[PDB]
Each structure stands twice: as C-alpha cells, then as structure tokens.
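Below is structure22.pdb, holding PDB, C-alpha atoms.
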```
MODEL        1
ATOM      1  CA  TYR E   1     -49.939  -0.946   7.488
ATOM      2  CA  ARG E   2     -48.081  -2.408   4.544
ATOM      3  CA  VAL E   3     -49.249  -6.025   4.521
ATOM      4  CA  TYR E   4     -46.574  -8.322   3.113
ATOM      5  CA  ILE E   5     -47.617 -11.902   2.515
ATOM      6  CA  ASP E   6     -45.356 -14.636   3.765
ATOM      7  CA  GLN E   7     -45.813 -17.083   0.956
ATOM      8  CA  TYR E   8     -44.108 -19.924   2.833
ATOM      9  CA  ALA E   9     -45.877 -20.094   6.183
ATOM     10  CA  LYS E  10     -45.833 -23.238   8.218
ATOM     11  CA  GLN E  11     -48.807 -22.395  10.394
ATOM     12  CA  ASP E  12     -50.337 -18.939  10.337
ATOM     13  CA  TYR E  13     -49.578 -15.577  11.960
ATOM     14  CA  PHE E  14     -49.112 -11.906  11.431
ATOM     15  CA  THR E  15     -46.047  -9.972  12.525
ATOM     16  CA  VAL E  16     -46.828  -6.293  12.972
ATOM     17  CA  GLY E  17     -43.531  -4.550  12.515
ATOM     18  CA  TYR E  18     -41.980  -1.130  12.286
ATOM     19  CA  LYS E  19     -39.737   0.514   9.732
ATOM     20  CA  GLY E  20     -38.599   4.065  10.286
ATOM     21  CA  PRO E  21     -37.709   6.433   7.486
ATOM     22  CA  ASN E  22     -33.986   5.820   7.971
ATOM     23  CA  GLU E  23     -32.192   2.671   7.022
ATOM     24  CA  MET E  24     -30.745   2.990  10.536
ATOM     25  CA  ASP E  25     -34.118   2.642  12.282
ATOM     26  CA  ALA E  26     -35.241  -0.861  11.437
ATOM     27  CA  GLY E  27     -35.095  -3.520  14.103
ATOM     28  CA  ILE E  28     -32.977  -5.811  11.962
ATOM     29  CA  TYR E  29     -30.228  -5.051   9.476
ATOM     30  CA  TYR E  30     -29.409  -6.947   6.325
ATOM     31  CA  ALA E  31     -25.905  -5.734   5.676
ATOM     32  CA  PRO E  32     -24.396  -6.967   2.401
ATOM     33  CA  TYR E  33     -20.657  -7.208   2.069
ATOM     34  CA  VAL E  34     -19.698  -8.891  -1.208
ATOM     35  CA  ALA E  35     -22.406  -9.858  -3.678
ATOM     36  CA  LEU E  36     -22.337 -13.049  -5.767
ATOM     37  CA  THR E  37     -18.829 -12.806  -7.080
ATOM     38  CA  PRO E  38     -18.916 -15.589  -9.685
ATOM     39  CA  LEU E  39     -16.064 -18.066  -9.772
ATOM     40  CA  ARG E  40     -15.151 -20.348 -12.657
ATOM     41  CA  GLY E  41     -12.826 -23.268 -13.143
ATOM     42  CA  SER E  42     -12.213 -26.609 -14.764
ATOM     43  CA  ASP E  43     -10.521 -29.745 -13.526
ATOM     44  CA  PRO E  44      -7.794 -30.850 -15.962
ATOM     45  CA  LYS E  45      -8.395 -34.523 -15.286
ATOM     46  CA  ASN E  46     -11.751 -34.466 -17.106
ATOM     47  CA  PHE E  47     -11.590 -30.911 -18.610
ATOM     48  CA  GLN E  48     -15.241 -30.289 -17.810
ATOM     49  CA  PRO E  49     -16.146 -26.882 -16.442
ATOM     50  CA  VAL E  50     -17.376 -26.055 -12.966
ATOM     51  CA  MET E  51     -18.812 -22.768 -11.784
TER      52      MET E  51
ATOM     53  CA  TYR Z   1      41.439  -8.150   0.469
ATOM     54  CA  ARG Z   2      37.738  -7.714  -0.158
ATOM     55  CA  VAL Z   3      36.236  -8.446   3.244
ATOM     56  CA  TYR Z   4      32.666  -9.691   3.022
ATOM     57  CA  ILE Z   5      30.627 -10.279   6.123
ATOM     58  CA  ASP Z   6      28.774 -13.513   6.656
ATOM     59  CA  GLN Z   7      25.805 -12.134   8.488
ATOM     60  CA  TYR Z   8      24.673 -15.567   9.666
ATOM     61  CA  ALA Z   9      27.714 -16.848  11.519
ATOM     62  CA  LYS Z  10      27.601 -19.832  13.815
ATOM     63  CA  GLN Z  11      30.860 -19.543  15.684
ATOM     64  CA  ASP Z  12      33.292 -17.199  13.965
ATOM     65  CA  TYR Z  13      35.850 -17.418  11.200
ATOM     66  CA  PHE Z  14      37.330 -15.853   8.124
ATOM     67  CA  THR Z  15      37.583 -17.644   4.793
ATOM     68  CA  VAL Z  16      40.386 -16.236   2.673
ATOM     69  CA  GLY Z  17      39.325 -16.944  -0.871
ATOM     70  CA  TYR Z  18      40.311 -16.277  -4.435
ATOM     71  CA  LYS Z  19      38.533 -14.768  -7.401
ATOM     72  CA  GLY Z  20      40.490 -14.266 -10.583
ATOM     73  CA  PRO Z  21      39.841 -11.670 -13.246
ATOM     74  CA  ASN Z  22      37.866 -14.236 -15.233
ATOM     75  CA  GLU Z  23      34.600 -15.671 -14.079
ATOM     76  CA  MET Z  24      36.027 -18.961 -15.306
ATOM     77  CA  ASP Z  25      38.688 -18.802 -12.581
ATOM     78  CA  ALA Z  26      36.877 -19.020  -9.266
ATOM     79  CA  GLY Z  27      36.875 -22.274  -7.373
ATOM     80  CA  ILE Z  28      33.105 -22.631  -7.547
ATOM     81  CA  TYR Z  29      30.473 -21.695 -10.112
ATOM     82  CA  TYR Z  30      26.905 -20.528  -9.676
ATOM     83  CA  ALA Z  31      25.404 -21.180 -13.070
ATOM     84  CA  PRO Z  32      21.812 -20.012 -13.543
ATOM     85  CA  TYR Z  33      19.654 -21.787 -16.086
ATOM     86  CA  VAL Z  34      16.079 -20.522 -15.722
ATOM     87  CA  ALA Z  35      15.114 -17.782 -13.288
ATOM     88  CA  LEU Z  36      11.979 -17.699 -11.127
ATOM     89  CA  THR Z  37       9.463 -18.447 -13.814
ATOM     90  CA  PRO Z  38       6.292 -17.555 -11.891
ATOM     91  CA  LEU Z  39       3.390 -19.974 -12.014
ATOM     92  CA  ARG Z  40      -0.275 -19.355 -11.214
ATOM     93  CA  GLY Z  41      -3.467 -21.355 -11.032
ATOM     94  CA  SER Z  42      -6.632 -22.047  -9.106
ATOM     95  CA  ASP Z  43      -8.016 -25.392  -8.029
ATOM     96  CA  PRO Z  44     -11.638 -25.813  -9.203
ATOM     97  CA  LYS Z  45     -12.510 -27.792  -6.088
ATOM     98  CA  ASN Z  46     -12.244 -24.765  -3.784
ATOM     99  CA  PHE Z  47     -11.695 -22.006  -6.424
ATOM    100  CA  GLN Z  48      -9.011 -20.337  -4.296
ATOM    101  CA  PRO Z  49      -5.880 -19.229  -6.097
ATOM    102  CA  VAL Z  50      -2.500 -20.875  -5.735
ATOM    103  CA  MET Z  51       0.795 -19.499  -6.957
TER     104      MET Z  51
ENDMDL
END
```

Written form, structure tokens:
Amino acid sequence: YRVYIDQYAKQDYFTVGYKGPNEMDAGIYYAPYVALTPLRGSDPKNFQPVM
Amino acid sequence: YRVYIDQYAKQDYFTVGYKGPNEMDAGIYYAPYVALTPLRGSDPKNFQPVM
C-alpha cells in the first residue's frame, strides 16, 4: 500500500484505493486540456498592467 | 451596351447609364481615401481579443 497523507483533513479517515498499471485503469481521470496559458494586458485609462 | 446584372433586384428594371472614356466623366464618383486599415486589440478586463 502506498500511503499518501492528506495534509488537509477535516476529520480523519483512510481511503484504500486502487491504481492499475495503465493510465486507463484508475477509478478517476484527471484529464488536462490546456495548461495555464498566461494572458497579459493593460488598461489604457491607468496604464497599469494586469496579468 | 454593357449589360450588368443587379443581383439583388426588388421588382425589376433596367438603368441605362453612361460612362465616358475618362473617369472624370461619369455621373457619380466613388473616391476611396483609406482602405480597410485593420485594427486589433484585447480588453484587459476579459483578455479576449477584439478586431
């Protein structure tokens, strides 16, 4: 058993899981799509940058 | 006669015109001044481009 802490835990528990060898056999999928595309800009009224 | 169609025609008609050899001699003038200067930008509120 790989024991991962849950550092933020409101009560107490343990969740005994499963992870197969595949990334297909999981039980939940985190599927990224686009990752942190940074945007920039500035508003010409005050000329002070936003991001 | 140079017979041009008017492809958007409400009732029907023919307009017999004139165009001289000059482009000074017409009866109406389409005078361009600037042409489709494209403009771009993005509003820093929502960061989504406008054109």

Can you show chain E as an mmCIF file with C-alpha atoms, keeping the file's coordinate frame once it has been least-squares superposed onto chain Z, using every C-alpha atom paired in order?
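The resulting selection.cif:
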```
data_model
loop_
_atom_site.group_PDB
_atom_site.id
_atom_site.type_symbol
_atom_site.label_atom_id
_atom_site.label_comp_id
_atom_site.auth_asym_id
_atom_site.auth_seq_id
_atom_site.Cartn_x
_atom_site.Cartn_y
_atom_site.Cartn_z
ATOM 1 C CA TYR E 1 41.312 -8.088 0.449
ATOM 2 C CA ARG E 2 37.613 -7.505 -0.041
ATOM 3 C CA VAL E 3 36.164 -8.375 3.363
ATOM 4 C CA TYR E 4 32.623 -9.707 3.047
ATOM 5 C CA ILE E 5 30.748 -10.203 6.288
ATOM 6 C CA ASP E 6 28.944 -13.463 6.807
ATOM 7 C CA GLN E 7 25.933 -12.163 8.633
ATOM 8 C CA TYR E 8 24.763 -15.636 9.668
ATOM 9 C CA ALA E 9 27.781 -17.246 11.307
ATOM 10 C CA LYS E 10 27.369 -20.082 13.718
ATOM 11 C CA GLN E 11 30.762 -19.764 15.354
ATOM 12 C CA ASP E 12 33.403 -17.473 13.917
ATOM 13 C CA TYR E 13 35.981 -17.674 11.120
ATOM 14 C CA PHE E 14 37.440 -16.002 8.112
ATOM 15 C CA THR E 15 37.730 -17.629 4.706
ATOM 16 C CA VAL E 16 40.461 -16.014 2.638
ATOM 17 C CA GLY E 17 39.494 -16.697 -0.928
ATOM 18 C CA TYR E 18 40.477 -15.926 -4.477
ATOM 19 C CA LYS E 19 38.576 -14.542 -7.432
ATOM 20 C CA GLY E 20 40.358 -14.076 -10.721
ATOM 21 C CA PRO E 21 39.365 -11.492 -13.286
ATOM 22 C CA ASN E 22 37.507 -14.078 -15.367
ATOM 23 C CA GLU E 23 34.234 -15.637 -14.423
ATOM 24 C CA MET E 24 36.042 -18.868 -15.338
ATOM 25 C CA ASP E 25 38.683 -18.517 -12.608
ATOM 26 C CA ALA E 26 36.726 -18.756 -9.390
ATOM 27 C CA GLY E 27 36.955 -21.910 -7.341
ATOM 28 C CA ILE E 28 33.203 -22.403 -7.343
ATOM 29 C CA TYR E 29 30.606 -21.706 -10.004
ATOM 30 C CA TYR E 30 27.042 -20.600 -9.484
ATOM 31 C CA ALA E 31 25.550 -21.472 -12.829
ATOM 32 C CA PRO E 32 21.931 -20.364 -13.272
ATOM 33 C CA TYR E 33 19.726 -22.199 -15.705
ATOM 34 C CA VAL E 34 16.127 -20.986 -15.446
ATOM 35 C CA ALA E 35 15.279 -18.129 -13.103
ATOM 36 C CA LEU E 36 12.075 -17.950 -11.041
ATOM 37 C CA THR E 37 9.598 -18.736 -13.749
ATOM 38 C CA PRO E 38 6.354 -17.924 -11.919
ATOM 39 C CA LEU E 39 3.507 -20.401 -12.110
ATOM 40 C CA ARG E 40 -0.140 -19.703 -11.354
ATOM 41 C CA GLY E 41 -3.239 -21.790 -10.899
ATOM 42 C CA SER E 42 -6.483 -22.308 -9.062
ATOM 43 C CA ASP E 43 -8.238 -25.424 -7.862
ATOM 44 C CA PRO E 44 -11.828 -25.529 -9.162
ATOM 45 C CA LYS E 45 -13.122 -27.239 -6.047
ATOM 46 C CA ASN E 46 -12.646 -24.093 -3.936
ATOM 47 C CA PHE E 47 -11.752 -21.586 -6.738
ATOM 48 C CA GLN E 48 -9.066 -19.985 -4.598
ATOM 49 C CA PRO E 49 -5.810 -19.098 -6.304
ATOM 50 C CA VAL E 50 -2.420 -20.671 -5.743
ATOM 51 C CA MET E 51 0.907 -19.416 -7.013
#
```

Checklist entry - Quick one: which residues from chain E are at most 10 Å off chain Z, using all atoms listed in the file, as a PyMOL selection string? => result chain E and resi 39-44+49-51

Next on the checklist: Here's the selection I'm unsure about, the PyMOL selection byres ((chain Z and resi 16) around 12); applied to the file above, which residues does it give, as a PyMOL selection string?
Outcome noted: chain Z and resi 1-5+13-15+17-19

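Reported to one decimal place, the separation of atom CA of residue 30 of chain E from atom CA of residue 9 of chain E is 21.1 Å.
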
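The space separating atom CA of residue 6 of chain E from atom CA of residue 27 of chain E comes to 18.3 Å.
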
Could you rebuild segment 27-48 of chain E with N, CA, C and O atoms and give me the result as a short mmCIF file (atom, residue, chain, number, x, y, z; two decimals), keeping the file's coordinate frame?
```cif
data_model
loop_
_atom_site.label_atom_id
_atom_site.label_comp_id
_atom_site.auth_asym_id
_atom_site.auth_seq_id
_atom_site.Cartn_x
_atom_site.Cartn_y
_atom_site.Cartn_z
N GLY E 27 -34.85 -2.38 13.25
CA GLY E 27 -35.10 -3.52 14.10
C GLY E 27 -34.38 -4.77 13.66
O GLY E 27 -34.22 -5.70 14.46
N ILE E 28 -33.94 -4.82 12.40
CA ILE E 28 -32.98 -5.81 11.96
C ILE E 28 -32.27 -5.23 10.75
O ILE E 28 -32.86 -4.45 10.00
N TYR E 29 -31.01 -5.59 10.57
CA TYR E 29 -30.23 -5.05 9.48
C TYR E 29 -29.77 -6.18 8.58
O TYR E 29 -29.16 -7.14 9.06
N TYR E 30 -30.04 -6.07 7.30
CA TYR E 30 -29.41 -6.95 6.32
C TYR E 30 -28.26 -6.17 5.74
O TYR E 30 -28.47 -5.29 4.90
N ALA E 31 -27.05 -6.51 6.13
CA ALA E 31 -25.90 -5.73 5.68
C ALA E 31 -25.13 -6.54 4.66
O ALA E 31 -24.43 -7.48 5.04
N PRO E 32 -25.20 -6.23 3.37
CA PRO E 32 -24.40 -6.97 2.40
C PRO E 32 -22.93 -6.61 2.54
O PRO E 32 -22.57 -5.59 3.12
N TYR E 33 -22.08 -7.48 2.01
CA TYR E 33 -20.66 -7.21 2.07
C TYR E 33 -20.04 -7.40 0.69
O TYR E 33 -19.56 -6.44 0.09
N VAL E 34 -20.05 -8.63 0.18
CA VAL E 34 -19.70 -8.89 -1.21
C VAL E 34 -20.83 -9.69 -1.83
O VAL E 34 -21.38 -10.59 -1.20
N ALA E 35 -21.18 -9.36 -3.07
CA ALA E 35 -22.41 -9.86 -3.68
C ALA E 35 -22.09 -10.76 -4.86
O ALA E 35 -21.65 -10.28 -5.91
N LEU E 36 -22.33 -12.06 -4.69
CA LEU E 36 -22.34 -13.05 -5.77
C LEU E 36 -21.17 -12.87 -6.72
O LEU E 36 -21.35 -12.72 -7.93
N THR E 37 -19.97 -12.85 -6.18
CA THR E 37 -18.83 -12.81 -7.08
C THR E 37 -18.70 -14.16 -7.75
O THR E 37 -18.37 -15.14 -7.08
N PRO E 38 -18.94 -14.27 -9.05
CA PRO E 38 -18.92 -15.59 -9.68
C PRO E 38 -17.50 -16.09 -9.83
O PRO E 38 -16.58 -15.34 -10.16
N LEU E 39 -17.33 -17.39 -9.59
CA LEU E 39 -16.06 -18.07 -9.77
C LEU E 39 -16.22 -19.10 -10.87
O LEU E 39 -17.30 -19.67 -11.05
N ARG E 40 -15.15 -19.35 -11.60
CA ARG E 40 -15.15 -20.35 -12.66
C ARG E 40 -13.93 -21.24 -12.50
O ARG E 40 -12.99 -20.92 -11.77
N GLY E 41 -13.95 -22.36 -13.20
CA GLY E 41 -12.83 -23.27 -13.14
C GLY E 41 -13.11 -24.49 -13.98
O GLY E 41 -14.21 -24.67 -14.50
N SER E 42 -12.09 -25.32 -14.11
CA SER E 42 -12.21 -26.61 -14.76
C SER E 42 -11.15 -27.52 -14.19
O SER E 42 -10.08 -27.07 -13.80
N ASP E 43 -11.45 -28.81 -14.14
CA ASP E 43 -10.52 -29.74 -13.53
C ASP E 43 -9.79 -30.49 -14.63
O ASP E 43 -10.43 -31.21 -15.40
N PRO E 44 -8.47 -30.35 -14.76
CA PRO E 44 -7.79 -30.85 -15.96
C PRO E 44 -7.85 -32.34 -16.12
O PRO E 44 -7.52 -32.83 -17.21
N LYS E 45 -8.21 -33.09 -15.09
CA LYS E 45 -8.40 -34.52 -15.29
C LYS E 45 -9.42 -34.78 -16.38
O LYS E 45 -9.12 -35.42 -17.39
N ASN E 46 -10.64 -34.28 -16.19
CA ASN E 46 -11.75 -34.47 -17.11
C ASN E 46 -12.06 -33.28 -18.01
O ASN E 46 -12.92 -33.41 -18.89
N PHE E 47 -11.41 -32.13 -17.82
CA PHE E 47 -11.59 -30.91 -18.61
C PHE E 47 -13.02 -30.39 -18.63
O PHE E 47 -13.38 -29.65 -19.54
N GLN E 48 -13.85 -30.73 -17.67
CA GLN E 48 -15.24 -30.29 -17.81
C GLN E 48 -15.58 -29.21 -16.81
O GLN E 48 -15.35 -29.39 -15.61
#
```
